Amino acid sequence: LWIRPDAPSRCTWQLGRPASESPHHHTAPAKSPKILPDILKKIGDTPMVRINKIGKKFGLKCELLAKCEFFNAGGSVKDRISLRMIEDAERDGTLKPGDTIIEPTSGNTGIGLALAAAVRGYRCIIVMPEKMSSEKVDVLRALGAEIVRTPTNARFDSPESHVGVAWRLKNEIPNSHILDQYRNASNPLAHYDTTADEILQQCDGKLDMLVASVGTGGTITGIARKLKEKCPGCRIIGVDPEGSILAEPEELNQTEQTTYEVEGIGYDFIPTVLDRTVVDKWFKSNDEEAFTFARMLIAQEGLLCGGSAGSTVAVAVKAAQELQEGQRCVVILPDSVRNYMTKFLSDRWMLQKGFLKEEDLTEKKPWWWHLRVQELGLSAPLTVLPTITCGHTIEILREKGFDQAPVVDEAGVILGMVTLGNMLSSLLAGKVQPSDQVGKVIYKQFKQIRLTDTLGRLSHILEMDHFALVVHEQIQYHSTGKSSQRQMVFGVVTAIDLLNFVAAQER
Amino acid sequence: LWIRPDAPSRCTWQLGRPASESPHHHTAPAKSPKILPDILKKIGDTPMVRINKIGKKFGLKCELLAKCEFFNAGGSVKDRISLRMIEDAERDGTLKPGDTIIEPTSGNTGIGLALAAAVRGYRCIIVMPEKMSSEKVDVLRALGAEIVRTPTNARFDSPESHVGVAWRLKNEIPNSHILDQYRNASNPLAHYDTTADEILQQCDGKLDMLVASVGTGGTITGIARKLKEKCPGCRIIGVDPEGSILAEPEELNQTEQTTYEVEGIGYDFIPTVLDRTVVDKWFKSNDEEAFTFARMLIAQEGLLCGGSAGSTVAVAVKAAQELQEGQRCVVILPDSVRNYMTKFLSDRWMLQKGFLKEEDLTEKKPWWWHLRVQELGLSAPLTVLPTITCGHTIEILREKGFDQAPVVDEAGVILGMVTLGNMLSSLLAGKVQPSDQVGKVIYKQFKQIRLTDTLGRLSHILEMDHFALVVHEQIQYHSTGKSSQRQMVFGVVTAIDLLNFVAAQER
Amino acid sequence: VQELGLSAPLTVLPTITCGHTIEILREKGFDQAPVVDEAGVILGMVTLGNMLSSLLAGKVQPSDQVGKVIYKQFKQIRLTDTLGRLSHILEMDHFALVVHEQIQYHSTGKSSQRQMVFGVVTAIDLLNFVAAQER
Ligand code: HEM
Ligand code: HEM
């Protein structure tokens, strides 16, 4: 009954066969009109950007180009196959309006299918593994699609693998269809018809090597078939995270870990679509290099690309050592950074997973990084109760030369801070009467810091708040059964003060 | 010393003067090369996408078009002005390579300038209000630009306002510059040269209205001036959140709530560049309608646009009531959803801020939404210790006629679950010998639910973790001084079971 | 019976003193909790009002173990059971305990069994639920 995604390929295609033999309905690239009826037409025509600093930093003689595929409507390279599959299913008459579309996907195809369904009125149900980032979950909830999850490490053929769950859902809900991104020939055909033509028509029909990451296999197979038909000189390479078994020869695969952090690439089975015969070499990519290269891309070229692009460029910097001056290398950057905001893009998560060690984070920072906050000339002699009137603060502050003072209640609980200039400006604008209490103008937000913490911690705090209050806390005991506690402000500090201290010490 | 951003516009332009009199250097649009030398060339030529459902939902007779400006390199409509400002500063010789740029901005221009500096090699410092989302902070930190925050409720001319802290930092650090997105003539000129010529050329100049939220004021000034010079018949409509003083006549600004949730529009001072003589009408727009319309856009059209897009469509659905069939309207959607992933896109945050009300949420849900999970046929007759061997489980589950069983240690702490078919697949794959323990193949993650919760809570849980275990707690006491607690897995519920129950009840 | 408002958040050992139950039930808002041994065997029920009445009568002392006041006998029911079966059970005994049964295997040769209590129900609760549904 159930048809597996691991079935051997049944296509009769082989290199050199004339295009007339195709039983598939090829579509020539469509000319996007001046105004396009639906957002779905903004798929394709993506730009190719030459990398400038990664090439030199790692001894690349050749010109290195990146096919930025993450500027599509849904922000992924999985927006071509979704649209193409929907188009083919509608043209073949299988899909009627109002039907239910179930798709087992690693998120990226899910967003594309949900977008297409929302535009065209279909109901969409998405099944994706557990490890997918929560940003995809949020975007799918917003797009109105219904989500179902499956365990991280369930084997592909198990009753509760994402493919299996999708199958049983399709066999349970009435009038539903699984487009089956793994087996549907429209998947590789989408790239073979649109992506390959654009790649060859931008670089103008010549290129030495192509580097690509392999998930469902359409990305690489669809491009490679057209390239070998039209430009055989290209060396097709594939990337695959350490843990998945796509790569050949089997020796490359020998490792035990099965769960890897990079999302969207690598599988525990060989997809039906993937045509490994048109792949001339393979490399295995770990996670540390993938995330480091993603961060390096973001920070040195402005390409807001995800981790899979990091793996792609990390493999490219190795494979492309073979090339020489005048040669051209291409990388496919699948998806946008949007889906990884809480992941590697965040330093906290990187340290938590250990992909970046503390020495790597600290060794490059300026000289003053390890100085304690104690080294600053912090001082705040006076504090004002929140009930004091505006004019009282104006006179009391300008009489003593100060222009800002912490606000603390009699109990010692800090409420915020007040700046003389702000009160003066408000009075000039009439937003507060001189008799009005400071509670109306006090800044109610700030961050609390301690003496022992380094200036690096202070700088990482000031990126979130303006006023950092150096404070202290004292526990006051009575009998070991009756106790009390109190705290107090030392002196305000801001980016201005820290920068002035750095300038003074360094000069 | 300090030049205020509210200084009156010294420009001599008035509607009708020939452009040849302009003292500014105009740059005509041109076709970028087939491969972009660097990412920044992928700015402009963004698509105009027709709006289908939102227009009819409120009975708008006219055809409604949108200018999706969130496909720029930085994902915003503030990558045009950043590039233009950098280009003009370089052309006039003010900025030398290696100089430091400091810019007070509402994030979006911050991201654009940080990207430009990262690509072209400048040290960049961004000053932004404290209230802006941490998504922009993360994207900036990844790009390497330093960040400084300011209190949200500080008056524009106070010492610690962003436009003030920027000035103080500029006076402090040597060889530093402020491009001043507020005063600089490049800001409006960018849109006047690129955006307007794109708009009036895409739709062939036959448009009747335009809507564009107002921040710095360039967005509307630069487009309205060119539209009136080319096609004065088109009305120009601004927008502004309640609590800002940009709208005229003054009576529209009469409201008392200062802070507002929408990010990046509306200011407590009139920007020098904001040419209010070319704004034919004004509206206000609170936060509730802004976010509601943003969510409606995402769900019903697929335009992954941010809050300001909602604040603009909420006004366009009012103003466009005056048009009739045949006429055309244009809206300007500033930024992408990428900046608000944890904000309005999150239902929890919307409910917390009160923009969503439980009635509007539940009234859309199906009938079974409010039923208790207690109504399901949940059950869990057996369980196993983690030490049991794989073969023992394989035989015992088939003996008892089940397929999955909770795994709980003797102390009652639940470890996870395990399923028959997954063990069979593991045995076939050799990952476990029959003598091996189930600790290898257990699904080590799940979410805990209680009998009282409604099926809506269960459906929200199932979007994150596959297995929802219906646990129960009994606290066992001995003398009111010694206490003990334990829990057990009454039943296991998954999306499949929920759908089965729904179908059975419905049929 | 799975559709009733059954519940039983906490329970006590029979060895707990009468005063301890007296204080705990009012402390946490309950009036009757199951009495269960350390191994999980259900002995019976105890009620706050009955403890108070017996203390007033002088038949027990606050230091006395609740084992004296427990309602040592009852009948047992399961979720699948219909309300009709619950009514038939209540015709013979006051307390009907909704309980659970589980088997915790170790090697498919070695096995152990344990049980716990869902909640309590009486004619009062049954009639209250009937009225609440009828209205
Ligand atoms: C150019 C001449 C081609 C011929 C003669 C050919 C032949 C066929 C035929 C007859 C089938 C149907 C098999 C079935 O229904 O069981 C098929 C399916 C398929 N074709 Fe082609 N094809 C051609 C081009 C292509 C191209 C260009 C691609 C991709 C770039 C492609 C990928 C596929 C895939 C993935 C399937 C589905 C295999 C499966 O479902 O197991 N084919 N092909
Ligand atoms: C006939 C065409 C124009 C003329 C004669 C003209 C004239 C001028 C002059 C003389 C200045 C310098 C003012 C000063 O230094 O104080 C100026 C600045 C400026 N112009 Fe124009 N301009 C023209 C077109 C435009 C256009 C097309 C735009 C925008 C789309 C524009 C917006 C501005 C702005 C924002 C400033 C800066 C004002 C300030 O910073 O205070 N002008 N213009």
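Going by the annotation in the PDB entry, the name recorded for chain C is Cystathionine beta-synthase, with Homo sapiens given as the source organism. Readers searching the PDB will find this entry under the title "Full-length human cystathionine beta-synthase, basal state, single particle reconstruction".

Per the PDB entry, chain A carries the name Cystathionine beta-synthase and comes from Homo sapiens. Quoted verbatim from the Subunit field of UniProt, the annotation for chain A is "Homotetramer." Check the Sequence similarities section of the UniProt entry for chain A; it says "Belongs to the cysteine synthase/cystathionine beta-synthase family."

## Here we look at the overall build of chain C
Helix and strand counts for chain C stand at four helices and six strands. Residues counted as buried form 45% of the 135 residues belonging to chain C. Considering only contacts within chain C whose residues lie at least 6 apart along the sequence, 53% involve residues at least 24 apart. Here chain C has roughly 7100 Å² of accessible surface; of this, 54% comes from carbon and sulfur atoms. Computed over 11 positive and 13 negative side-chain charges, the inter-centroid distance for chain C is 5 Å.

## Remarks on the site of ligand 2
Residues and elements named next belong to chain B. Taken together, 16 residues are adjacent to ligand 2, and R10, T12, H24, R183 and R225 come closest. One of the side-chain N or O atoms of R10 is found 2.6 Å from an oxygen atom in ligand 2. Between ligand 2 and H24, the relevant distance is 2.9 Å, taken from a nitrogen atom to a side-chain nitrogen or oxygen of the residue. Here the residues of the shell around ligand 2 are counted per class, giving eight nonpolar, four polar and four charged.

## Here's the deal with the relation of the copies chain B and chain A
Overlaying chain B on chain A yields an RMSD of 0.4 Å, the required transformation being a rotation through 180° with an accompanying axial translation of 0.0 Å. The symmetry that links the two subunits is that of a two-fold axis. For chain B, the residue whose C-alpha comes nearest the rotation axis is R338 of chain B, separated from it by 2.8 Å. Taken as a fraction of all interface residues of chain B, those also at the interface in chain A reach 97%, which identifies the copy contact as same-surface.

## Considerations on the packing of helix α3 (residues 108-120) of chain A against helix α4 (residues 134-142) of chain A
Residue and element names in this part refer to chain A. Viewed as axis vectors pointing N to C, α3 and α4 meet at an angle of 10°, and their least axial separation amounts to 10 Å. The orientation of α3 with respect to α4, classified from their angle, is roughly parallel. Here α3 contributes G110, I111 and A114 to the contact with α4, which in turn contributes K136, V139 and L140.

## Some remarks on the pairing of strand β7 (residues 209-212) of chain B
Residue and element names in this part refer to chain B. Burial along β7 is two-sided: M209 and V211 and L210 and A212, pointing in opposite directions, are all buried. As defined by bridge partners, β7 adjoins strand β10 (residues 328-333) across four bridges and the pair is classed as parallel. The residue of β10 that forms the bridge with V211 is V331.

## Comments concerning the sheet that holds strand β3 (residues 100-104) of chain B
Residues and elements named next belong to chain B. The parallel open sheet is built from four strands, whose spatial order is β5-β4-β3-β6. Strand pairing shows two members of the sheet lacking a second neighbour, β5 (146-150) and β6 (176-177), which therefore form its edges. Here β3 pairs with strand β4 (residues 123-129) via five bridges, running parallel. Considered in β4, the bridge of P104 is made with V127. Most of the contacts of helix α5 (residues 162-172) go to β3, to which it runs at about 160°, and overall it touches β3, β4, β5 and β6.

## Some details on the interface of chain B and chain A
At the junction of the two partners, chain B supplies 79 residues and chain A supplies 82 residues. When chain B packs against chain A, close to 7400 Å² is buried across both sides, 60% of that on carbon and sulfur atoms. Between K34 of chain B and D204 of chain A there is a salt bridge, and its shortest N-O distance comes to 3.6 Å. Counting the contacts that link chain B with chain A gives 23 residue pairs in polar contact. Partitioned by chemical class, the residues of the side of chain B that touches chain A number 41 nonpolar, 18 polar and 20 charged. Here strand β1 (residues 35-36) of chain A pairs with strand β1 (residues 48-51) of chain B via two bridges, running parallel. Looking at the pairing, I35 of chain A lines up with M48 of chain B of β1 of chain B.

## Considerations on the arrangement of the chains
Where two pairs of chains are in contact, the pair with the most contacts is made of chains A and B. There is a clear gap between chain A and chain C: no contact, and 23 Å between their nearest C-alpha atoms.

## Let's talk about the coordination of the iron atom of ligand 1
In this structure the iron atom of ligand 1 is ligated by exactly one protein donor, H24 of chain A (NE2), at 2.2 Å. Summarising the element assignment, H24 of chain A is placed in the segment before β1.

## Digging into the interface of chain C and chain B
Buried accessible area, meaning the area lost when the parts come together, often serves as the stated size of an interface. In this complex, chain C contributes 33 residues to the contact, which on the side of chain B involves 32 residues. Contact between chain C and chain B buries roughly 2900 Å² in total, counting both sides, with carbon and sulfur atoms accounting for 49%. Remark: the boundary between chain C and chain B carries one salt bridge. Top element by residues in the side of chain C that touches chain B is strand β5 (residues 96-105) of chain C. It accounts for six residues. Looking at the side of chain C that touches chain B, its residues break down into 16 nonpolar, 10 polar and seven charged.

## Some points on α3 of chain A
For α3 of chain A, which comprises 13 residues, the first-to-last C-alpha distance of 19 Å matches the rise-based estimate of 18 Å (1.5 Å per residue) to within 8%. By the criterion of burial, α3 of chain A is predominantly enclosed, with 12 of the 13 residues buried. Among the residues making up α3 of chain A, those that are buried are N108, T109, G110, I111, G112, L113, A114, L115, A116, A117, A118 and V119 of chain A. Elements that come into contact with the buried residues of α3 of chain A comprise α2 (80-91), β4 (100-104), β5 (123-129) and α4 of chain A together with α1 (53-57) and α8 (287-301) of chain B. Directly beyond the C-terminal end of α3 of chain A, a positive phi value near 90° is found at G121 of chain A.

## Section: the pattern of salt bridges
Taken as a whole, this structure holds 60 salt bridges over all chains when the rule is applied. A salt bridge links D197 of chain B to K226 of chain B; its shortest N-O distance comes to 2.9 Å. With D197 of chain B in helix α6 (residues 186-202) and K226 of chain B in helix α7 (residues 218-230), this pair connects stretches of sequence that are 29 residues apart. The exposure class of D197 of chain B is partly exposed, given its relative accessible area of 25%. For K284 of chain B, the salt bridge identified is with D240 of chain B, shortest N-O distance 3.0 Å. One end of the pair, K284 of chain B, is in strand β9 (residues 284-285); the other, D240 of chain B, is in strand β8 (residues 240-241), with 44 residues separating them in the sequence. Looking at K284 of chain B, the relative accessible area reads 12%, which means it is buried. For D240 of chain B, a relative accessible area of 0% corresponds to the buried category. Shared partners join several salt bridges into a network, and the residues in it are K67, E69, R80 and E198 of chain A.

Calculation notes
For each chain, positions are counted from 1 along the sequence as written; this may not be the entry's numbering. Residues without coordinates are not shown. Ligands are numbered from 1 and chains lettered from A, in the order in which they are written. Within a larger assembly, only the chains shown are considered here, and all values are given for them alone. Side-chain figures throughout are based on the complete set of non-hydrogen atoms in the structure, without hydrogens or water. UniProt positions are given in the numbering used here, feature names are shortened, and annotations may be inferred rather than shown by experiment. Each helix is a run of DSSP H or I of at least 4 residues and each strand a run of E of at least 2, with the numbering of both proceeding from the N terminus. To sort residues, take the accessible area from a 1.4 Å probe on protein chains only and compare it with the maximum for the residue type: under 20% means buried, over 50% means exposed, and anything in between is partly exposed. The contact definition used throughout considers only heavy atoms, calling two residues in contact when any of these lie within 4.5 Å. In this description, accessible areas are obtained by the Shrake-Rupley approach with a 1.4 Å probe, and a residue is regarded as covered only by the protein chains that are shown. In summary, the charge assignment counts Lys and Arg as positive and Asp and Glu as negative, without counting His or the chain termini. For this purpose, a charge sits on NZ of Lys, CZ of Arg, CG of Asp or CD of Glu. Nearness is judged by heavy atoms alone; a residue qualifies as near a molecule or strand once a single heavy atom is within 4 Å of it. Here a polar contact is taken to be a pair of N or O atoms separated by no more than 3.5 Å, where protein atoms must pair a possible hydrogen donor with a possible acceptor and residues adjacent in sequence count only if both atoms sit in side chains. Three categories are distinguished: nonpolar for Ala, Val, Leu, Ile, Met, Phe, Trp, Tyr, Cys and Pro, charged for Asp, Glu, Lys and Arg, and polar for the others, with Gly belonging to the last. Note on alignment: the copies are superposed with a least-squares fit restricted to their C-alpha atoms. Note on geometry: axes are lines fitted to C-alpha atoms, helical ones only across the stretch in contact, with angles between N-to-C directions running from 0 to 180 degrees. Every angle not falling under 35 degrees, over 145, or within 65 to 115 is termed oblique; those three ranges are roughly parallel, roughly antiparallel and roughly perpendicular. One bridge is not enough; two strands pair if DSSP finds at least two bridges between them. By buried area we mean how much accessible surface two parts lose on assembly, using a 1.4 Å probe and totalling the loss over both. Definition used for salt bridges: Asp or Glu carboxyl oxygen within 4 Å of a side-chain nitrogen of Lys or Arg. Each metal's donors are the N, O and S atoms found within 2.8 Å of it, except that Na, K and Ca use a 3.2 Å limit; water is left out, so coordination can look incomplete. In this scheme, a helix's expected span is set at 1.5 Å multiplied by one less than its residue total.

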